[PDB]
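Heads up: the structure comes next, in structure tokens.
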Amino acid sequence: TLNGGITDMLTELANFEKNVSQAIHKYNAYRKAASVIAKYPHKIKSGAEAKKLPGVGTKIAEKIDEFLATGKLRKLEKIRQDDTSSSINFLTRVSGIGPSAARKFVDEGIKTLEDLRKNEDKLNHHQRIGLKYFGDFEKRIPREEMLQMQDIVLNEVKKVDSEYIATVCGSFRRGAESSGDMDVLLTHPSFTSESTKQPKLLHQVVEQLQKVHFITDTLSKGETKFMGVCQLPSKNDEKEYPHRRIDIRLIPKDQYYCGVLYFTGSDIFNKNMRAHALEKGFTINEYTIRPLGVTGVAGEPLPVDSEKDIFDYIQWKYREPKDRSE
DNA sequence: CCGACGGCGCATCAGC
DNA sequence: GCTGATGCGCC
DNA sequence: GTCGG
Ligand SMILES: [Cl-]
Ligand SMILES: [Cl-]
Ligand SMILES: [Mg+2]
Ligand SMILES: [Mg+2]
Ligand code: NA
Ligand code: NA
Ligand code: NA
């Protein structure tokens with residue numbers, strides 16, 4: 001982290017644009033610049049130097065010049081002092097409260113953790129659980145705990161049906177020493193792009209994980225995606241582990257490579273790779289890579305037999321998961 | 001200048 | 001009830 | 001906010 005001060009500034013600006021301004025392209029621009037700066041292997045000495053990096057333009061270069069000179073950004077100093085901005089930014093830290101809900105709550109005079117706790121009746125299910133575990137959800141998960149969680153999920157899934165394959169993705173698959181949550185890709189040979197030969201495939205797995213008290217709460221749940229909460233078991237006399245966010249995604253088995261590419265991320269890597277694909281005349285999602293016809297309509301799915309095949313199509317050298325933490 | 005910027009699952013709601 | 005829009009979430 | 005054409 002040679003340039004932590006700058007990247008922190010850009011991230012705070014990014015969050016302001018998302019949460020307060022509701023300007024999602026500005027949010028993405030700021031995050032893109034922070035990411036490209038984060039991997040730049042020199043300590044940045046000027047805005048001009050930064051402007052040579054793709055994603056950093058005139059305005060960010062200016063902000064970098066202010067920050068290097070003064071150690072701060074007046075623009076952020078003012079934002080931090082704005083009560084309405086501060087409140088909105090805070091409320092969005094609750095899972096299930098986005099920019100829209102946050103502004104609405106502040107309007108109704110709900111703008112603190114205390115306010116939320118006493119207005120539980122005003123929260124939807126997701127938000128209630130987000131509030132319940134507000135503190136826990138802001139803690140990171142050490143890789144050692146992720147390994148324990150992996151063992152539980154892989155072993156319970158096997159107990160349900162030996163044909164399931166569960167793969168832990170997200171920052172974990174990118175080799176991170178700590179993760180924000182647990183991301184599990186699931187496949188079963190009964191669910192392919194051609195047919196669903198068994199119902200409740202995701203349900204059965206969620207059910208089993210609940211039965212063993214690993215999954216503790218549910219934020220949302222459909223046929224292919226579970227979003228919830230889990231917790232490692234603790235030993236006798238041992239303090240409990242924090243509750244953790246878990247996401248499970250059931251992907252057609254024959255579309256595993258596109259799925260694991262997607263669920264491995266990072267999010268910024270996915271945006272960058274998908275944008276590059278478009279430039280190359282392809283569109284990528286978690287299921288397929290398809291050509292774009294002259295018109296602009298996606299064509300048929302191209303054959304994919306490895307993650308690398310996807311990189312080949314768009315003329316990128318293959319990048320291992322550990323090198324995708326953008 | 002100015003259009004595009006990744007792609008999609010689940011929850012909630014309005015209109016019919 | 002359905003469909004489409006929107007919010008919020010995931011990488 | 002940045003980029004490409
Ligand atoms: Cl925007
Ligand atoms: Cl598709
Ligand atoms: Mg994750
Ligand atoms: Mg994330
Ligand atoms: Na640049
Ligand atoms: Na939130
Ligand atoms: Na996740």
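As a basis for the values below, the full set of heavy atoms in this structure was taken, side chains included, without hydrogen atoms, waters or symmetry mates. Throughout, protein chains are lettered first and strands after them, A, B, ... in sequence-line order, and every chain is numbered starting at 1.
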* To do: For A:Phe263, report the nucleic acid contact type (base, sugar-phosphate, nothing); a contact means any heavy atom under 4.0 Å.
  => sugar-phosphate
* Looking at every strand, decide which applies to A:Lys32 at a 4.0 Å heavy-atom threshold: base, sugar-phosphate, or nothing. => nothing
* Across the strands shown, which category fits A:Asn270 at heavy-atom distances under 4.0 angstrom: base, sugar-phosphate, nothing? -> base
* To do: Using heavy atoms and a sub-4.0 Å distance, could you list which residues of residues 174-185 of chain A are near DNA chain C? By number, please.
  => A:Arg174, A:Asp181, A:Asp183
* Asked: Between A:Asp115 and A:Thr112, does any side-chain donor sit less than 3.5 Å from a side-chain acceptor?
  -> yes
* side chain to side chain contact (heavy atoms under 4.5 Å, CB included), paired with A:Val184, selected from A:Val153, A:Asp247, A:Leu250 -> A:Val153
* To do: Select base, sugar-phosphate, or nothing to describe what A:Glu223 touches, counting heavy atoms under 4.0 Å on all strands.
  => sugar-phosphate
* **Interface limits on DNA chain B, where chain A has a heavy atom under 4.0 Å of a nucleotide atom** => B:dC5 to B:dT12
* **Short side-chain to backbone donor-acceptor contact, A:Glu238 and A:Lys235, under 3.5 Å** => yes
* A:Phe134 with A:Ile141, same ILVMFWY side-chain cluster at under 4.5 Å -> no
* Asked: Among side-chain atoms of A:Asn155 and A:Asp151, is any donor-acceptor pair under 3.5 angstrom?
  -> yes
* Asked: Got a donor-acceptor contact below 3.5 angstrom from the A:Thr196 side chain to the A:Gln198 backbone?
  -> no
* Under a 5.0 Å cut-off, which groove is contacted by side-chain heavy atoms of A:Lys26? -> major
* Asked: Are any of the side-chain nitrogens in A:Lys200 or A:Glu223 under 4.0 Å away from the carboxylate oxygens of its partner?
  -> no
* **SB check A:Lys159 A:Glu207 (cutoff 4.0 Å)** => no
* **Pair A:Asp312 + A:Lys308, salt bridge at N-O below 4.0 Å** => yes
* **Upstream residue (5' side of DNA chain B) when A:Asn28 and A:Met227 are each assigned their closest nucleotide** => A:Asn28
* Asked: Taking the six-membered ring for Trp, are the ring centroids of A:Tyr164 and A:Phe191 within less than 6.0 Å of each other?
  -> no
* **P atoms of D:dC3 and B:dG6, separation to the nearest Å** => 14 Å
* For A:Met182 and A:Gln150, which heavy atoms make the closest approach, and how far apart are they? -> CE-N, 3.6 Å
* NA contact type, A:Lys59, heavy-atom cut-off 4.0 Å: base, sugar-phosphate, or nothing? -> sugar-phosphate
* Structure fact -> Its 5'-most and 3'-most nucleotides having an atom under 4.0 Å from a non-hydrogen atom of chain A, DNA chain C is contacted over C:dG7 to C:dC11
* Residues A:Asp217, A:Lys132: salt bridge by 4.0 Å N-O rule -> yes
* Asked: Do the two ring centres, one from A:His25 and one from A:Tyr27, sit under 6.0 Å apart?
  -> no
* Under 3.5 Å side-chain donor-acceptor pair for A:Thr264 and A:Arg173 -> yes
* **Residue list, side chain to side chain contact (heavy atoms under 4.5 Å, CB included) with A:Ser266, at least two apart or on another chain** => A:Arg174, A:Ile268, A:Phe269, A:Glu326
* Asked: Judged by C1'-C2'-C3'-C4' (positive north, negative south), is the sugar of B:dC16 north or south?
  -> south
* To do: Check whether NZ of the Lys or CZ of the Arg A:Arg143 lies under 6.0 Å from the centre of the six-membered ring of A:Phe172 and within 45 degrees of that ring's axis.
  => yes
* Structure fact -> Between the CG atom in A:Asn285 and the OG1 atom in A:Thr288, the distance rounded to the nearest 0.5 Å is 4.0 Å
* Structure fact -> Numerically ordered, the residues 90-115 of chain A set in heavy-atom contact under 4.0 Å with DNA chain B is none
* To do: May I ask you to say what A:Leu278 touches in the nucleic acid, namely base, sugar-phosphate or nothing, with a heavy-atom cut-off under 4.0 Å?
  => sugar-phosphate
* Contact class for A:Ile284 vs. all strands (heavy atom < 4.0 Å): base, sugar-phosphate, or nothing? -> sugar-phosphate
* Structure fact -> Result for 5'-nearest mapping on DNA chain B, choosing between A:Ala275 and A:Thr224, is A:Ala275
* Among residues 286-294 of chain A, which contact DNA chain B at a heavy-atom distance under 4.0 Å? -> A:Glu286, A:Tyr287
* Describe the nucleic acid contact of A:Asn285 in one word from base, sugar-phosphate, nothing, applying a heavy-atom distance below 4.0 Å. => sugar-phosphate
